[PDB]
Amino acid sequence: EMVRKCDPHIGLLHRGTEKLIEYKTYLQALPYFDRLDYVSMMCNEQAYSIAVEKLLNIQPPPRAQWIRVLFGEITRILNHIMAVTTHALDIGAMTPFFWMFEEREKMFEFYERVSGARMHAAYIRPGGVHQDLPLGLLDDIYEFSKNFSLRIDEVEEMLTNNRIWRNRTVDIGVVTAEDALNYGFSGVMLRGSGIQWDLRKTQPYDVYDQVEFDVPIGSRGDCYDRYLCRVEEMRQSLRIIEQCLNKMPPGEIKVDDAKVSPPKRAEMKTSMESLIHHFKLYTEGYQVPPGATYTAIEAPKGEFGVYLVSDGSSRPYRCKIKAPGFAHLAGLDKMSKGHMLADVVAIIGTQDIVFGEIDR
Amino acid sequence: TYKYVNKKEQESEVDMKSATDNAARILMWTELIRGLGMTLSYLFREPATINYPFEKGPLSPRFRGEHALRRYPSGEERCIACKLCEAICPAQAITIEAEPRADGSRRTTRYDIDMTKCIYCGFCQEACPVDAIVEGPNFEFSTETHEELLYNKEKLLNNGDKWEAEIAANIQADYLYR
Amino acid sequence: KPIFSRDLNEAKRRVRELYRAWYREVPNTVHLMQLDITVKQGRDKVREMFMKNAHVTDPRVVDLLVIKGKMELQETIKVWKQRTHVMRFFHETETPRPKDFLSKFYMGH
Amino acid sequence: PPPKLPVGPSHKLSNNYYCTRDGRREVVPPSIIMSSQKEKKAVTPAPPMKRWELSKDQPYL
Amino acid sequence: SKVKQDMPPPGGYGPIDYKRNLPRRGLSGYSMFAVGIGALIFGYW
Amino acid sequence: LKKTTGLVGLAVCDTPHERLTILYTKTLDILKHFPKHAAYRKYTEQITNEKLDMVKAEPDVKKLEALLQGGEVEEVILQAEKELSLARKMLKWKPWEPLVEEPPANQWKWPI
Amino acid sequence: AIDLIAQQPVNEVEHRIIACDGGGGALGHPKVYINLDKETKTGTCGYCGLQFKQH
Amino acid sequence: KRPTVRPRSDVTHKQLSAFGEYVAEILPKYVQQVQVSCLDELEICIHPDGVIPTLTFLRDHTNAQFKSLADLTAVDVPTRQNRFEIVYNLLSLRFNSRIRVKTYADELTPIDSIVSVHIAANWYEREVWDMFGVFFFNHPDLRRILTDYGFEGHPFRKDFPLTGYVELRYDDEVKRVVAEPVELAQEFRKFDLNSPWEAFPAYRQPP
Amino acid sequence: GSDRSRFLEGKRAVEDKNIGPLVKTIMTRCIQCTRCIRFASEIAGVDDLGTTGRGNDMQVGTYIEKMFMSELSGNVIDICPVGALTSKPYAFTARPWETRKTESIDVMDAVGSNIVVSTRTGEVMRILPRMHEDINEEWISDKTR
Ligand SMILES: CCCCCCCCCCCCCCCCCC(=O)OC[C@H](COP(=O)(O)OCCN)OC(=O)CCCCCCCCCCCCCCCCC
Ligand code: SF4
Ligand code: SF4
Ligand code: SF4
Ligand code: SF4
Ligand SMILES: [Zn+2]
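Residue numbers (the entry's author numbering), protein chains in the order written: chain D, 71 to 430; chain I, 1 to 178; chain W, 20 to 128; chain r, 36 to 73, 90 to 112; chain Z, 3 to 47; chain V, 4 to 115; chain R, 40 to 94; chain C, 7 to 213; chain G, 124 to 268.
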């Protein structure tokens, strides 16, 4: 029952998204990104939006930036709940999954209230966001956030010090810092083993450079350390949500360049130029200036990136997606050396892999 | 800014009271008992489930569901063959074949939506310049046969007639945001 | 600027090695996959697939073909490829479409 | 309640020419440095990153 | 008609508890073992 | 003495100053065999001499790390080892030579 | 459709040119002005089809 | 300054240019070109023979500790003589900076495998071989990674049709999932949405 | 062009004359560029279309109610930039992004006129000029079109 070799065969969920995108305009490709990591949607579409904004040489408005950071943190909470609870369910413990999926449903309710879809919102659009927060959503977010801490603390009182959990994780999937860097790991696959890296701090995007949050780092480098790291990341996400709620500013929500973002419907209905802009935007789309870029974000799993090459048309020329988990599932073998089948089942969870992103 | 999550700090502190506490922890299963207590505490809490059939959960006016084609109060299909809906639909689910009418009017003679290809994205309802195509509140339209999921202008218009009230209310309550 | 083999004379050696390998493998596949074919049928199909690329003369393209064929042989040795995939070579559901004009003139174009 | 949403910065009737705020048209072609077509000091890609400062909110968890 | 847009309440929202609150239980240890030893002796006799 | 280095697998070095002096001197020795004009030789000698001077100057390990700008002195030692191996490989790769072959007509042209 | 746009009034507007929305305001169709200088017919709004006359 | 135009900074541009000259003169043998984009991202284009030297240097040299490989993308431009363009994106944690190293390849011109340098490439190069078809020398284990087991083709090639040459179904006669030539119901509708006018005059190429 | 509208007044409106069965005349969406008039006076030499009045109310049309038919009449649809003069048959039968565009030759006329015969999924939607300097020179016959 000892694992002598791991040969991850993937591609069972590959649907040629990278080639499909090349045939669709820049607005028509955004929904794909919400499906690349179906667990953390808005962060993927945030990566796309930042990349396209970089190429367009335009800047999102302040309220849109704050909203994007807020919903990015909510998405990070969603991803961490999924990772931790599915990991626990596969290891054996089952109750925390049911406990926490109620809060996942509440966060989905926020998702739907803002975007009209419980996931795959397509809310974040190159230029800012599609629509402004419906009144009261901040109040509901406050009500949810003020209590989420107690629920995470209950999950911790279940799992943190339990001898069974500690024996089932500790000193499992131990990866050295140099080996991780060479293997190309990212996110918690790096911070767990002592490496002090987090793009939100090192290379900030949006308004991550105006909110204070700590970055948990692990010492042992094993599954238990990384589970603790994810829980602490959830707590820091609550911190950031508090700050965003308190500092949400007034103003527009989408770049006020009607050649990039659609004009408001009333303007479309009473302005000639605005109607022309609506027509061309929703038919031909924007014309992104030629160039190439590699935008990176600290997606709830790791470092979600887009290498985008544009030739001046309204459709991208090439859109490679660097999924955080690709290198992780590549390094599964190294991590699983000298472990049993159960340990391997544990090891796969720490990676927190979504094969939507793995396969692209 | 970083905070250690699990770094062992000061070690020399060994005491008789500490040792008996540790031995009690190991032998008596204290943390396991505590987890059991947590589970019981949950046992005595009101369930979070809902009797779904007679109690649907909340949905906001922006909710995207089964499509519909609206009408003017006079009773006329708003569809003016914009064709922008068909141009923007990312999944290419809309098919429009339009011809001039006997009234010297622009209308559509084949409006088909493949609801097995639509991704329920709302791009049509937001790129319709006369608010013809909308995504109504309905979310229960599962069918036994595939061919019943290939919609047509008729079925869409009957859905519009059926849901006109709720579609009207949502549009009324949301148009300011749009 | 050759891939592996400098010349066609060198490349055909690798090609023949690949054929040796496939011929030696066919019995094992037919047995351990429970395919409903005769080992003779398998060997003949291997020959046919090899002959399909007989016209090629470029040493580098011959090398690339050998690489692809060796990957496929590996995929069959390791039993990664299943029966549903192995049988796809045989085209057992295909109805040969006619070739003479008098009849193709009659089925479409 | 019925919202009333603010307008953007470019809801101005004057001094609003698009040529003075066209972000798209500012994208110049990349700056070549060394090209086959056409004692100094050591240089790093960028100044070395400082050391992260241990937090004070709750230093050790 | 002024702008009525989603905003935080004047003066900001109240503080949020976002840190671990796992307490440390008071149970001693000598008591834990003494209860068991007393029960054992009683049962033995 | 540091009890632990945060990074996993990188163990504490008892004699950091000695190890650093040794590695830097070895690098400076291997560099002598590069052609005197090599840009690699010039730059690597500047870099190595700077760090060697810092090590010789400062006794305390904390202040040595701060001066070196390399996090843990063990990480710096590892980097010194990497640089030495890189020099060993460069001696055989001879990067100082002129370009091997110019690019095709418009190979590096975009938008096409 | 045809019968329902056939069964309605033919509105009166005293001006030479009349603006048309769908009727909802900002919930209708883009504003379009129809000129009612022809007296042998009534101005038909392209988006909604409503008919206007000059008096 | 301007609400709707991205803020512009020049410090990073200057540092990246300086490092561009750094690398350009430390590796004259391989580097064919260097550039810094208006986005301020350093881009070094090198001869394919120089991938291993260039990346080994970029990983090990003290002034450039590019210890992470973000990705090993490939682009396909069919007009240029060498269709395939390999793009190694690199990250350096010590200096908090990224670089891009590019090279070219053809249907019959392999690129050396950097698995010795970064083990993270083990799967990225497999993907490149699977999709674009660029062979990689000395790869420890090179296979398809994202395509079907019996797949024939190279999907991300521009010429490769979007819908492929084969579709799958279950044939109740043989009781298997067979492979048939593709036959869509409503074939993919392309759209001609390129405007007649030129938008960005910096890129208008003169004769 | 700019991104927004500072015009806070009502818009001009014009009457849609009858010019015949071929060229529908939604004149309100006219930029009054006189390409149609110049073509009528020069290429076809018919001298029907002309400009009336002065100022905004200037109207491009026949101030009687003539029907501007000619062997070259249909080309007004092509030359007119903004959709003022449009084809009565092709009204709202397709959109330019949808349609396939294949080049061919006209055989209706012995002239040899070249053509683009644009089709949208199995149906030929319209026939439009294909520029050949010597033969057509961007103009075709109304019969052909
Ligand atoms: C007067 C003179 C004579 C005096 C004589 C004095 C005798 C004193 C005897 C005191 C000892 C009591 C017996 C305790 C047995 C437990 C053995 C033990 O020490 O724990 C082992 C294990 C803990 O795990 P671990 O940390 O690995 O321990 C070894 C560390 N090297 O523990 C475990 O196995 C826990 C893992 C399994 C958990 C199973 C879930 C159980 C849930 C709680 C059940 C509670 C109720 C049980 C009672 C049921 C009654 C019907
Ligand atoms: S759905 Fe809307 S945009 Fe599409 S044809 Fe109908 S009215 Fe026009
Ligand atoms: S919701 Fe999106 S996918 Fe569905 S029909 Fe509308 S545009 Fe197409
Ligand atoms: S060509 Fe068209 S736009 Fe120009 S004046 Fe004539 S009708 Fe008006
Ligand atoms: S498409 Fe052109 S001609 Fe037609 S209404 Fe719009 S601006 Fe006027
Ligand atoms: Zn109207």
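Virtual Cβ for every residue (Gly too), placed ideally from N, Cα, C.
Report, in whole angstroms, the separation of the C-beta atoms of residue i and residue j, which I expect to be a contact under 8 Å.
i: residue 199/D; j: residue 324/D; result: 6 Å
i: residue 36/V; j: residue 94/V; result: 6 Å
i: residue 101/C; j: residue 96/r; result: 5 Å
i: residue 249/G; j: residue 45/r; result: Their Cβ separation, rounded to whole angstroms, is 40 Å, which puts residue 249/G and residue 45/r out of contact at 8 Å.
i: residue 162/C; j: residue 88/D; result: 7 Å
Would you say residue i lies against chain D (beta-carbon separation less than 9 Å)?
i: residue 75/C; result: yes
Any beta-carbon of chain I closer than 9 Å to the one on residue i?
i: residue 51/Z; result: Beyond the ends of chain Z as shown, which are 3 and 47, falls residue 51/Z; an answer cannot be given.
Can you give me the C-alpha to C-alpha distance between residue i and residue j, rounded to a whole angstrom?
i: residue 130/D; j: residue 367/D; result: 16 Å
i: residue 317/D; j: residue 183/D; result: 21 Å
i: residue 103/I; j: residue 246/G; result: 24 Å
i: residue 99/C; j: residue 222/D; result: 32 Å
i: residue 123/C; j: residue 146/C; result: 13 Å
i: residue 404/D; j: residue 56/C; result: 29 Å
i: residue 265/G; j: residue 330/D; result: 41 Å
i: residue 274/D; j: residue 99/V; result: 38 Å
i: residue 197/D; j: residue 86/I; result: 23 Å
i: residue 125/I; j: residue 153/I; result: 15 Å
i: residue 71/D; j: residue 59/W; result: 39 Å
Does chain Z have any CB closer than 9 Å to the CB of residue i?
i: residue 112/r; result: yes
i: residue 47/r; result: no
Can a CB atom of chain G be found closer than 9 Å to the CB of residue i?
i: residue 340/D; result: yes
i: residue 50/r; result: no
Kindly indicate if chain V contains any beta-carbon less than 9 Å away from that of residue i.
i: residue 34/C; result: yes
When the cut-off is 9 Å and only beta carbons count, does residue i lie next to chain C?
i: residue 384/D; result: yes
Would residue i count as contacting chain r if we go by Cβ distances under 9 Å?
i: residue 124/G; result: yes
Using beta carbons (cut-off 9 Å, strictly below), is residue i in contact with chain W?
i: residue 165/C; result: no
Touch test, the stretch 67 to 78 of chain C against the stretch 53 to 72 of chain R, Cβ-Cβ under 8 Å, three pairs minimum: no
Go through the stretch 44 to 114 of chain W residue by residue and report every complete run of the alpha helix (DSSP H) that reaches 4 residues or more, in order. 58 to 71, 78 to 96, 102 to 105
For the stretch 237 to 246 of chain D and the stretch 44 to 53 of chain I, state whether three or more C-beta atom pairs, one from each stretch, are separated by less than 8 Å. no
Contained beta strand (DSSP E) runs [length at least 3] in the stretch 28 to 93 of chain C, N- to C-terminal order: Whole beta strand (DSSP E) segments, 3+ residues: 37 to 42, 48 to 52, 74 to 82.
Does the stretch 169 to 183 of chain D come close enough to the stretch 139 to 155 of chain D that 3 or more CB-CB pairs lie under 8 Å? yes
Counting only runs of 4+ residues fully inside the stretch 5 to 46 of chain Z, write out the alpha helix (DSSP H) ranges in chain order. 32 to 46
Tell me the start and end of each unbroken alpha helix (DSSP H) in the stretch 178 to 225 of chain G that is at least 4 residues and wholly inside, in chain order. 198 to 202
Please determine if the stretch 77 to 89 of chain I and the stretch 104 to 121 of chain I are in contact, where contact requires at least 3 C-beta pairs separated by less than 8 Å. yes
Any chance you could list the beta strand (DSSP E) runs of at least 3 consecutive residues sitting entirely within the stretch 307 to 387 of chain D, in chain order? 361 to 367, 374 to 380
Within 8 Å, do at least three Cβ pairs link the stretch 178 to 192 of chain G to the stretch 209 to 226 of chain G? No, the stretch 209 to 226 of chain G is not in contact with the stretch 178 to 192 of chain G.
Should the stretch 6 to 24 of chain Z be regarded as contacting the stretch 79 to 98 of chain C, the criterion being three or more beta carbon pairs within less than 8 Å? no
Restricting to runs no shorter than 4 residues, where is the alpha helix (DSSP H) found entirely within the stretch 113 to 173 of chain I? Listed in chain order, they are 123 to 127.
Should the stretch 7 to 19 of chain C be called in touch with the stretch 124 to 140 of chain D, which here means at least 3 C-beta pairs below 8 Å? yes
Should the stretch 25 to 45 of chain Z be regarded as contacting the stretch 263 to 282 of chain D, the criterion being three or more beta carbon pairs within less than 8 Å? no
Can you confirm whether the stretch 85 to 94 of chain W touches the stretch 29 to 44 of chain W when touching is taken to mean that 3 or more C-beta pairs between the two stretches lie within less than 8 Å? yes
Can you list, in chain order, the stretches of the beta strand (DSSP E) that have 3 or more residues and sit fully within the stretch 44 to 124 of chain I? The stretch 44 to 124 of chain I contains, as complete beta strand (DSSP E) runs of 3+ residues, the segments 67 to 69, 94 to 100, 106 to 113 (chain order).
Is the stretch 51 to 59 of chain I in contact with the stretch 111 to 120 of chain I, if contact means three or more CB pairs nearer than 8 Å? The way I'd put it, the stretch 51 to 59 of chain I doesn't touch the stretch 111 to 120 of chain I; fewer than three beta-carbon pairs between them come closer than 8 Å.
Does the stretch 213 to 230 of chain D touch the stretch 344 to 357 of chain D, meaning 3 or more C-beta pairs lie closer than 8 Å? No: fewer than three Cβ pairs fall under 8 Å.
What alpha helix (DSSP H) runs, 4 residues minimum, are completely inside the stretch 257 to 281 of chain D? 258 to 261, 269 to 272
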